[PDB]
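Asks: Quick one: the structure is below, questions incoming.
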Amino acid sequence: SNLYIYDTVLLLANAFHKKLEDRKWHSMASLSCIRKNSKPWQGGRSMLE
Amino acid sequence: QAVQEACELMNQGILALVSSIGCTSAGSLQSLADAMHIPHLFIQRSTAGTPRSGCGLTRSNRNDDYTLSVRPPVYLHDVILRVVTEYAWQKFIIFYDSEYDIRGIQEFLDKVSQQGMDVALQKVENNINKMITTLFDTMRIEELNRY
Amino acid sequence: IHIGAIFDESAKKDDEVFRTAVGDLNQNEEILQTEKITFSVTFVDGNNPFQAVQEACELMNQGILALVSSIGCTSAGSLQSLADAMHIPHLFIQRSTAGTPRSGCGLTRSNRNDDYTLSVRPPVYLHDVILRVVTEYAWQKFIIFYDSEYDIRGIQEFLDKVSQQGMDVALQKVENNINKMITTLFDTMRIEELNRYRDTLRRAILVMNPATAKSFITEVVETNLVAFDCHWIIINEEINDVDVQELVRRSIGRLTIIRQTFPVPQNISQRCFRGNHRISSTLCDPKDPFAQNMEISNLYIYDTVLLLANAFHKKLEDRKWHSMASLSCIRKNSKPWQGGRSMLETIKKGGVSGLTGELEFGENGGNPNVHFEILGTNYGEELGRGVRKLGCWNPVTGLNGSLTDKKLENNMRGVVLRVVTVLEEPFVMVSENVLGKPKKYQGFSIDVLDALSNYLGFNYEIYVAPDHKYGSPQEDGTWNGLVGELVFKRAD
């Protein structure tokens with residue numbers, strides 16, 4: 001698990017670098033639960049992809 | 001609580017969510033990500049180092065899975081099948097610890113079924129001394145030699 | 001009074017029966033006379049734990065005395081870990097795909113706190129039924145078939161104890177498309193492997209939902225994998241008499257079926273009433289067309305609403321009654337309500353005779369009153385596809401009855417047989433007489449007759465033939481002596 005953790009952080013760092021290189025960069029989103037703020041977000045599916 | 005902490009991390013604001021957690025919470029965090037659409041990088045763990053079986057939980061089939069499974073899917077069933085076939089076995093027993101999630105053996109057993117072997121399965125009780133020494137009072141000599 | 005209820009969008013029968021139970025209790029003449037039981041309309045995807053928790057939290061915001069759900073294990077465990085924080089009681093009606101056998105959810109829920117979810121259905125005991133059946137049949141080798149929806153962690157302890165018996169097993173998955181599966185296996189198995197498989201199927205156990213059992217048996221028949229040279233077992237909790245009869249219709253060879261049973265009043269007319277309560281006949285009369293099509297979740301739902309109403313009434317009798325609380329979730333101000341813990345205690349230490357019998361909870365909140373019923377085919381010239389009950393199983397004593405009594409024998413015990421005899425030394429001699437009739441006999445034939453009677457238990461009365469001959473008949477075709485007394489069936 002330590003190895004998969006390390007590679008997860010390395011992958012997230014590479015994905016953020018790729019998003020910068022793609023000029024896709026955006027500020028961090030925020031959301032809340034069991035409240036009328038909970039809504040779908042296409043930027044989340046874009047970040048997933 | 002795990003879902004509450006994920007919701008609090010989303011309240012702090014995050015690009016993506018990571019976890020290294022048991023399936024019991026991982027499925028709830030997945031069902032959260034199904035609504036919040038935040039990526040959920042999931043690492044599975046197991047108790048006492050028992051072998052790892054994919055969660056296989058009753059998560060929804062209607063919605064896209066925002067989970068990314070960092071650890072790879074199970075291949076152990078075909079590794080066992082390959083070893084058992086190259087050794088050309090015909091009778092065997094599976095012993096597992098008290099924590100192993102046996103459900104991952106299903107496809108192995110399905111492929112041994114096509115070979116027609118004789119199979120057995122048994123939990124190892126951690127009081128192995130009592131478990132085995134009770135056989136002196138609860139097994140015939142025939143049964144103990146079959147064991 | 002407000003009861004929280006959550007149902008899967010596809011299990012609407014659960015809601016319709018919940019509303020029927022609520023109606024029966026609102027129309028009860030004595031229970032909670034001052035109150036109306038009410039609910040908020042709710043349906044969810046049972047595989048959405050977070051939505052299920054959000055709807056349960058909206059129910060606790062609008063206010064409820066307890067939460068009822070029929071939902072998937074991941075959602076049930078999420079409502080459970082919600083209740084761990086809210087202390088509102090939860091009752092979980094476990095359901096599974098098409099009725100696949102009910103293994104426990106097996107979630108690792110934290111041991112650090114009391115459990116605020118009650119399991120109305122009993123702990124896992126199926127495995128010891130299978131073990132005790134194999135212990136009756138002494139199967140040195142057999143094969144197990146289980147559907148793609150089952151969770152083998154139940155039968156785990158059956159396989160463990162079979163291993164402690166040192167017996168051999170085989171196992172196979174049954175997929176959601178049995179025709180594609182079996183035809184692929186036929187197309188991929190070698191002829192020797194196919195012989196190994198068709199021989200191995202001669203001793204087998206089926207652990208699957210009834211519709212999948214029917215489909216697998218049908219495909220096995222149409223593919224002609226085996227003949228009537230096989231003997232098979234089925235085990236489940238949910239198997240109605242109609243599915244039992246259809247499995248006897250479709251099965252080939254001898255079949256065994258294992259099913260749940262309830263310690264309900266044996267007299268059918270008494271099953272619809274409980275004290276002064278009257279249950280809707282559609283839900284309690286075993287001859288009602290709908291009652292014969294109830295899913296057992298309907299029974300546990302109705303019993304849950306009856307249990308909750310009786311726990312509320314007990315709380316009123318104890319004068320512990322308190323107003324309905326309102327709460328909120330996933331907020332740093334969130335806190336439990338101790339009145340919810342008191343309600344959980346009053347339900348767990350409460351109980352009713354429901355449609356499923358005497359309902360109560362053990363230390364871990366599991367129903368202790370587990371019971372099962374075991375059936376088998378009884379073929380014969382008189383019946384064809386005959387059926388009988390072989391016994392009952394319980395964890396206190398194991399199997400009650402037997403699987404290996406073969407069949408009902410014409411045991412001659414208590415019959416009296418008139419014996420005609422002829423005297424000849426040492427075969428038969430008379431030894432006492434009273435009032436003109438022979439009273440006692442001796443001789444080797446008397447030893448033979450005692451050697452029979454001392455096991456078959458029949459009594460005999462012996463009389464002497466009229467002219468002692470073993471002779472030829474009269475020219476008219478009549479018979480005499482020792483023969484004629486039998487030809488006309490005068491003696492037995």
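The chains in the structure tokens are called A, B, ... from first to last as shown; in each chain the residues are counted from 1, and the ligands are counted from 1 in the order shown.
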I want to know what sits within 9 Å of residue 55 (chain B), based on only C-alpha atoms, with residues of the same chain fewer than 6 positions away left out; could you give that as a PyMOL selection string?
Replies: chain B and resi 22-24+26-27+44
Asks: Show which residues sit within 12 Å of residue 21 (chain B), as a list in words. Count only C-alpha atoms, and ignore same-chain residues fewer than 2 positions away.
Replies: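 So the residues in contact are residues 1 and 5 of chain A; 2, 3, 18, 19, 23, 24, 25, 26, 27, 28, 29, 30, 40, 41, 42, 43, 44, 45, 46, 47, 55, 69, 70 and 71 of chain B; 108 of chain C.
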Asks: Would you mind listing, as a short mmCIF file (atom, residue, chain, number, x, y, z; two decimals) with N, CA, C and O atoms, in the first residue's frame, all residues of chain C that have at least one atom within 8 Å of chain A, where only C-alpha atoms are what counts?
Replies:
```cif
data_model
loop_
_atom_site.label_atom_id
_atom_site.label_comp_id
_atom_site.auth_asym_id
_atom_site.auth_seq_id
_atom_site.Cartn_x
_atom_site.Cartn_y
_atom_site.Cartn_z
N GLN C 54 -29.04 10.32 2.82
CA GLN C 54 -29.62 11.66 2.69
C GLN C 54 -31.14 11.66 2.88
O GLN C 54 -31.69 12.53 3.56
N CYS C 329 -27.80 16.00 9.74
CA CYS C 329 -26.68 15.12 9.47
C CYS C 329 -25.52 15.86 8.81
O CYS C 329 -25.71 16.89 8.14
N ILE C 330 -24.32 15.32 9.00
CA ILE C 330 -23.09 15.83 8.40
C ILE C 330 -23.02 17.33 8.64
O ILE C 330 -22.83 18.12 7.71
#
```
Asks: In Å, how far is it from CA of residue 310 (chain C) to CA of residue 372 (chain C)?
Replies: 27.0 Å
Asks: Report as a Markdown table: every residue of chain A with an atom at most 8 Å from chain B, its closest pair of atoms, and their distance in Å to one decimal, counting only C-alpha atoms, with rows sorted by chain and ascending residue number.
Replies:
```
| residue | atom | partner | partner_atom | distance |
| --- | --- | --- | --- | --- |
| A:1 | CA | B:45 | CA | 7.3 |
| A:4 | CA | B:70 | CA | 6.8 |
| A:5 | CA | B:43 | CA | 7.7 |
| A:8 | CA | B:70 | CA | 7.3 |
| A:28 | CA | B:15 | CA | 5.7 |
| A:29 | CA | B:13 | CA | 5.6 |
| A:30 | CA | B:13 | CA | 4.4 |
| A:31 | CA | B:10 | CA | 5.3 |
| A:32 | CA | B:11 | CA | 5.8 |
| A:33 | CA | B:7 | CA | 6.0 |
| A:38 | CA | B:36 | CA | 6.7 |
| A:39 | CA | B:36 | CA | 6.8 |
| A:40 | CA | B:36 | CA | 6.3 |
| A:41 | CA | B:37 | CA | 6.5 |
| A:44 | CA | B:37 | CA | 5.2 |
| A:45 | CA | B:37 | CA | 6.3 |
| A:47 | CA | B:39 | CA | 7.1 |
| A:48 | CA | B:39 | CA | 5.3 |
```
Asks: Could the residues in this selection be saved with C-alpha atoms as a compact mmCIF listing (two decimals), in the first residue's frame?
Replies:
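What ended up in again_6.txt:
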```
# COMPACT_ATOMS: atom_id res chain seq x y z
CA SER A 1 0.00 0.00 0.00
CA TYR A 4 0.60 2.38 -4.46
CA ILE A 5 0.27 5.49 -2.26
CA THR A 8 -0.79 7.76 -6.52
CA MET A 28 -9.98 24.29 -6.89
CA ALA A 29 -13.72 23.64 -6.65
CA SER A 30 -15.64 23.18 -3.40
CA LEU A 31 -18.90 21.44 -2.51
CA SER A 32 -21.02 20.38 0.47
CA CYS A 33 -23.21 17.44 1.42
CA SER A 38 -24.96 19.31 -3.73
CA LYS A 39 -25.22 19.44 -7.52
CA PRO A 40 -23.63 17.78 -10.57
CA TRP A 41 -20.48 19.33 -11.99
CA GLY A 44 -15.59 17.00 -12.04
CA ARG A 45 -16.09 14.55 -14.91
CA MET A 47 -11.04 16.25 -14.01
CA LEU A 48 -11.85 12.54 -13.77
```
